[PDB]
Each structure stands twice: as C-alpha cells, then as structure tokens.
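Data block below; observations after.
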Amino acid sequence: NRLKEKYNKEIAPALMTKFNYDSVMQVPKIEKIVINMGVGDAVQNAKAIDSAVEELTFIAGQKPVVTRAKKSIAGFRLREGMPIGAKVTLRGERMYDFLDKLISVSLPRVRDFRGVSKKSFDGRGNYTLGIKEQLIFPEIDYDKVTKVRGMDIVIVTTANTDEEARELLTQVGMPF
Amino acid sequence: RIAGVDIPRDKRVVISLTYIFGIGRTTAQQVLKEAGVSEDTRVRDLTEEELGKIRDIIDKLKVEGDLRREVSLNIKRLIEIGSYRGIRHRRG
Amino acid sequence: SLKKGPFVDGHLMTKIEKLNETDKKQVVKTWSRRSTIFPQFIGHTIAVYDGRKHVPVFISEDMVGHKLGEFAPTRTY
Amino acid sequence: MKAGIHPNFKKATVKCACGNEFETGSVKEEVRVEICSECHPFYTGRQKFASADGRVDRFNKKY
RNA sequence: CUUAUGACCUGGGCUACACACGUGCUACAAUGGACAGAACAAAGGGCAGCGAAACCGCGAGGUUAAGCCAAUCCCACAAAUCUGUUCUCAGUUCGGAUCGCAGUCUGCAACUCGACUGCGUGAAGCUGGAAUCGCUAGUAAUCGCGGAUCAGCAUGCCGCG
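Chains as they are written, first to last, in the numbering used here: chain A, 1147 to 1322; chain G, 758 to 849; chain F, -6 to 70; chain D, 102 to 164.
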C-alpha cells in the first residue's frame, strides 16, 4: 500500500471539502496510467521492437503489446500491420506502485529536474509526462541499457476540469 | 551516480571523476585528497563510507548541474547586452 | 588594469558627473572607446564614434562588464 | 493476471543514501537509491545552496 | 598638383574570408601519455640596463633587494637523455586548436588588437592524390640555449651547443 490509505484519508476528504462536492464519490479519481513507447525506428532496426519490451516488463510486470501500424505511409517507409511502439495499461495496485516508484525515485533522480511542465494538461483533466531518457529509475539496469529512447506516460483522471486535476496531482505530490 | 552521471568502473577514481563536467583534474584530485582514498583505487571496488564521503563533498561543491546553467546564463547575458564579444558568440 | 583601479577618461567622467549630479539628460558624445563602463554609466545613452558616425547606445545595468568598443563595431561588410 | 506471462511482483524496501525508506511492489526484492524525494533539493522547499547562489550579479564592485 | 597629389589630430584599416596556393610549427600514439629521482652544455647580453637572494601566489608573475659598467655578479637550475611508478591499443590518461570564466608581463588603453597561466571540455585528425622537396658526416633527423626589431609582442631571422 503506502498510497491507497494516504489518498483515501487525505486527498479525498480535503479535496471534497475544498471543492464543495454534493456527493462523496464526486471527487475526481485517477482511473489509469497508460505508458506508450512509440518507437518508429523498427523500420531500420527490426530488433528495435524487442527493445523497450524487455524493459517494459521490468518497469511493470504487465507485458506490453506490440502495436502495429494502422495505416501505411511512404514518407516513413511504413506498411499497415508492421509493429510500432508498445502499449501498457496500469489499473489497480500496479498504477499505485508505479506512481509511488515514480514520485520516490524517478523525478528526484533526474539531474536537472525543476518545475515540471504545467502546460502538459490535455485541456480535459488528463496529464501527460514526456520522458526522453530510457534509464530514469533503477529498474532499467544502466549496464544493460544501450539505447536512450525515453518514454511517454499518460495519466488519466475522472476530473471534469483541469483545475481540480491540478489540485489532485499537487496534493498527491506532483512537484509542479 | 555521485553527480547523476555514470562513471567508468574499470578505471582509477582520479580519471573516473573527470568524466563529470565541472570536475576536472585538479578538482577531482582535491576531492580525492579530502576524502582520503589515496587516489589509487578502483571505483567498482569501494565501500559506503568513502562513497558517501565523495557524494557529500560533491553536493557541497559545484556540480555540472549548476555549471550547465551558470555558463548558459552568462552566455545569454553577454549576448543580449550587445557585447561585440557576444555578437561573435552568436555568429559562431 | 588589475588592482590599479577601473579605467575611464577624465573628461568623460567629469561630463558624466555633471550630468548625474542633477538628472540624466541628452546623449554624452565622446571618442573614448577605451573607457570601461561603470555603474554611473547606467541610464546615460552614451554615443561612441565608430570612425565615421556616433552610435548612441543606452547603457543598462549589465553593461558594466564591457567596453564601449564592444558596442561600437568598426569593420563593414 | 495471465499465468506466467508476467514476472512475479515482490514487495521491496526502496532505500536511499540519506536513510529514507520507501516500499513499493517491484520486481527486484530490494532497490538501492542515492537521491529519494526528500533528498532531491527541489522537494526540500527553497534549497539552501540554490537559494544562496541564485543572487543576481552586482558588477563585482568589491575591489 | 599646389588654400593641395602638401601639412596637423581622433578613430578606423593595414589583422575581413564561401576561397586556392607557397613556407613553417603542432598532431594522429606504445621508440608512446602522465608522475618521482639524477647528470652534461656551447655561445651572447647587461646602466633608467641586467637583476642574485628572501617572501607571496598551483601558476604566468608581484614586493624588499645583493651584485654588475662585467673571465668577478647576474641573465641562467638547458631539454632531449637515463633509472623508476603508472596506463593500455581507444578517437583513447593521444593532440591540444576552436571554446566560457578567472588571472599574470607591459603600457594612457592588448575591446578591431600580443603572449602567457589555471580552471571544464574538447573536435579536425588514426599517416594523408597525382606530384613534389632537402640531405653523402658530425651531414640527415631531432632537443634546448642567446641576440636583433622591442614599454609589450617570433612556429620567422641570425648564431650556439
């Protein structure tokens, strides 16, 4: 645990009293966290698809999916059905553990981390983190790390507005 | 790592510390003298005591994290203030 | 100059003192590109003779660490 | 959770050089770290070193 | 030509480069790189000039100042080299150019405009096309030393070992 109790006992009641909601479960909730790779180099490196798949299994036990091109493109030498990137959907204790690991290690481990972007909101109440380093937190085995292709994290919340999502994230510990 | 950047494991500490920007020959040797490691040791073969010693020494001293920003600030200042020197900088 | 003190022309310093004793005013023309910029130069839109014309330049705070020639180019292209 | 397709999740005690201990379900039984949340200066509020070195220039008129 | 093709002064240019070519210096490394110890020099200069020694500073150098109009004293403890420690075949503990900052010599002032020092990095570059250059003995190659021009400026010049 270490996050579920903290949430239910500090974020939900405080945020509910702050926003004057008419019900208990009207408080916005973090539904899921989607991690996308999107490596497009597979055209030139067929084995690159294997990369970020063995790394994602260690980042989170949930094995990623080998997403395939839904449309072909000549500018990128693409054909429909060819593998591109990777997808992972964390729902349950997995997303809580991922948030804990992130907040505890990844952000403080970054060398020049200061005032994470505030405009990363999608305008509806969802947050996205743009990672450009492949070795952010310890489960990536710096020694075995060869490529530095970062990651793309998508935080999804039931928030109907961006202000309440910002408040929820700040109270959770997102160092804006 | 000590300064957030990996260092060669099969090299001496003196030169392993030089791979950190801002920490060159003199700075690395001074840090090693302050830590009392004799400057002839492998970095893959060390203990928590002398590791944390160098860690805190670096945290107290300047680091690439600060130098990268200070140099950029100075460059942008001398470029914005006119400074035919800064004009040459912008020209490259 | 390392410890002998900063560098400035006597006539230019006297002009700047006369102009600052009451209020900063019209450009202070001078041919002394050698002069180094001081905090007193702030606010005074000094002019520098680049060889054929005077270029008025507004000296801000951060200009103290440079010379007038750094803001008065000479070569043409 | 599929059978065998995923590695075994294990509760581990994330450690820090400063002594802070954090617990998260991870593949590794233990995770050694150097800079935790509180260890990183940004989480320490106004960091002392940064708040001290962040002053603007004064033209160096000391001499 | 001449109240200007002459003369005075501030500043600029003589030092700009998508360029090409002569001459020279430095590099691409294991006959090597960095650190500890040790020896030998030959010629030339010194009066607003040369400046022992001491102190300060990693440093370039600064302060007090002996001595010398010189076979006296100084410039001025030559380096290559040798005996050790250390690294290991890599765009590297190679090279230090370009580079940001902080300083030193001088001079009213090194900003167009010197050199040198420390800090942190470090590319071009891993031997280089036709073709071409010098060298028959203390010659080739190569390591240092001193003077001219000089307030302060040499990879060039003159010579020496």
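All C-beta atoms in this analysis are idealised placements derived from N, C-alpha and C, irrespective of residue type, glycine included.
For this session: Anything in the stretch 1271 to 1295 of chain A with a Cβ closer than 7 Å to a Cβ of chain G? List those residues in chain order, please.
Result: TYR1288
Problem set entry | chain A residues whose Cβ lies nearer than 9 Å to that of G:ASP816 | Taking the second sequence and counting its residues from 1, the one referred to as residue 816 of chain G is at position 59. In chain order: nothing, as chain A lies at least about 13 Å away.
Problem set entry | Nearest-angstrom Cβ-Cβ length linking A:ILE1179 and A:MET1241, presumed shorter than 8 Å | As a first step, residue 1179 of chain A is located in the first sequence; it is residue number 33 there, counting from the start. As a first step, residue 1241 of chain A is located in the first sequence; it is residue number 95 there, counting from the start. With a Cβ gap of about 5 Å, A:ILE1179 and A:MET1241 count as contacting.
Exercise. Beta-carbon separation of A:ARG1270 and A:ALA1305 under 9 Å?
Worked result: Mapped onto the first sequence, residue 1270 of chain A falls at position 124. Mapped onto the first sequence, residue 1305 of chain A falls at position 159. Yes.
Exercise. Mind checking if G:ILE832 is an interface residue toward chain F, Cβ cutoff 9 Å exclusive?
Worked result: By 1-based counting over the second sequence, the position of residue 832 of chain G is 75. Not closer than 9 Å to any Cβ of chain F, the Cβ of G:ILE832 fails to qualify, so no.
Problem set entry | D:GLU131, enclosing alpha helix (DSSP H) - first and last residue | Stepping through the fourth sequence from its first residue, residue 131 of chain D is reached at position 30. No alpha helix (DSSP H) holds D:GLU131; the beta strand (DSSP E) holding it covers 131 to 133.
Exercise. Can you give the Cα-Cα distance for A:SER1169 and A:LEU1161, rounded to whole angstroms?
Worked result: By one-based count along the first sequence, residue 1169 of chain A stands at place 23. By one-based count along the first sequence, residue 1161 of chain A stands at place 15. So the two alpha carbons sit approximately 12 Å from each other.
Exercise. Expressed to the nearest angstrom, what Euclidean distance is found between the alpha-carbon atoms of F:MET56 and G:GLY843?
Worked result: Numbered from 1 along the third sequence, position 63 holds the residue referred to as residue 56 of chain F. Numbered from 1 along the second sequence, position 86 holds the residue referred to as residue 843 of chain G. Distance between the alpha carbons of F:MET56 and G:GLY843 is about 12 Å.
For this session: Pair every Cβ in the stretch -1 to 18 of chain F with every Cβ in the stretch 824 to 835 of chain G, then say whether three or more of these pairs are closer than 8 Å.
Result: no
For this session: Can you say whether A:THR1303 is buried or exposed, counting buried as having 16 or more other CB atoms within 10 angstroms of its CB?
Result: Indexing the first sequence from 1 puts residue 1303 of chain A at position 157. Per the 10 Å Cβ criterion, buried.
Exercise. At a CB-CB cut-off below 8 Å, which residues of chain D make contact with G:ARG782?
Worked result: Numbered from its first residue, the second sequence carries residue 782 of chain G at position 25. What G:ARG782 touches in chain D: nothing, since even the nearest Cβ is about 24 Å away.
Exercise. CB-CB under 7 Å to A:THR1307, same chain, minus the five flanking residues each way: which ones, in chain order?
Worked result: Walking along the first sequence from the start, residue 1307 of chain A turns up at place 161. So the qualifying residues of the chain are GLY1271.
Exercise. Between D:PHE150 and G:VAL770, what straight-line distance do the alpha-carbon atoms span, to the nearest angstrom?
Worked result: By one-based count along the fourth sequence, residue 150 of chain D stands at place 49. By one-based count along the second sequence, residue 770 of chain G stands at place 13. Going from the Cα of D:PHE150 to the Cα of G:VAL770 covers about 26 Å.
For this session: Please list the segments of the alpha helix (DSSP H) lying wholly inside the stretch 3 to 51 of chain F, counting only runs of 4 or more residues, in order along the chain.
Result: 3 to 13
Problem set entry | alpha helix (DSSP H) runs wholly inside the stretch 1209 to 1239 of chain A, at least 4 long, in chain order | none
Exercise. Which value, in whole angstroms, describes the spacing of the CA atoms of A:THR1163 and A:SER1197?
Worked result: The residue labelled residue 1163 of chain A in the question sits at position 17 within the first sequence. The residue labelled residue 1197 of chain A in the question sits at position 51 within the first sequence. When rounded, the distance between both Cα atoms is 46 Å.
Exercise. Are the C-beta of D:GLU124 and some C-beta of chain A separated by less than 9 Å?
Worked result: Reading the fourth sequence from its first residue, position 23 is the one you call residue 124 of chain D. Taking Cβ atoms only, chain A reaches closer than 9 Å to D:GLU124, which makes this a yes.
Exercise. Near F:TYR42, which residues of its chain fall below 7 Å by C-beta distance, leaving aside the five closest residues on each side in sequence?
Worked result: If you number the third sequence from 1, residue 42 of chain F lands on position 49. Contacts found: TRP24.
Exercise. So which residues on chain D does G:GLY809 lean against when the C-beta distance must stay under 8 Å?
Worked result: As a working mapping, residue 809 of chain G is identified with position 52 in the second sequence. Simply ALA118.
Exercise. What does F:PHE64 touch in chain G if you count any residue whose Cβ is under 8 Å from its own?
Worked result: Start at 1 with the first residue of the third sequence, and residue 64 of chain F comes out as number 71. Result: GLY839, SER840 and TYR841.
Problem set entry | Per-residue DSSP class, three states only, for G:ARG769 | The residue given as residue 769 of chain G occupies position 12 in the second sequence. Strand.
For this session: Kindly list, in the order they appear in chain A, the residues whose Cβ is closer than 9 Å to that of D:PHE143.
Result: Within the fourth sequence, residue 143 of chain D is the residue found at index 42, counting from 1. Within chain A, the residues near D:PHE143 are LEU1253, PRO1254, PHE1259, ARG1260, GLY1261 and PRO1321.
Exercise. Count the other CB atoms within 10 Å of the CB of D:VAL132; is the residue buried (16 or more) or exposed (fewer)?
Worked result: Here residue 132 of chain D refers to the residue found at position 31 of the fourth sequence. Result: buried.
For this session: Locate the beta strand (DSSP E) running through D:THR114, then write down its first and last residues.
Result: Here residue 114 of chain D refers to the residue found at position 13 of the fourth sequence. That run of the beta strand (DSSP E) goes 111 to 116.
For this session: Going by CA-CA distance only, name the one from F:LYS11, F:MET6 and F:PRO49 that's closest to F:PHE31.
Result: To locate residue 31 of chain F, count along the third sequence from 1; it is residue 38. Considering only alpha carbons, the answer is F:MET6.
Exercise. Which chain D residues are close to G:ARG812, counting only those with a beta carbon under 9 Å from its beta carbon?
Worked result: Mapped onto the second sequence, residue 812 of chain G falls at position 55. Those are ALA118 and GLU135, listed as they occur along chain D.
For this session: Could you please give the first and the last residue of the uninterrupted alpha helix (DSSP H) stretch that includes G:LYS790?
Result: Translated into positions along the second sequence, residue 790 of chain G becomes position 33. 782 to 792 is the span of the alpha helix (DSSP H), which, as asked, contains G:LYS790.
Problem set entry | Chain-order list of residues whose beta-carbon lies under 8 Å from that of residue 1114 of chain A (same chain, five-residue window excluded) | What the structure shows of chain A is the stretch from 1147 to 1322, and residue 1114 of chain A is not part of that stretch, so it cannot be assessed.
Exercise. For D:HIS141 versus A:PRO1174, is the C-beta spacing smaller than 9 Å?
Worked result: Indexing the fourth sequence from 1 puts residue 141 of chain D at position 40. Indexing the first sequence from 1 puts residue 1174 of chain A at position 28. Cβ atoms of D:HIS141 and A:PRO1174: not closer than 9 Å.
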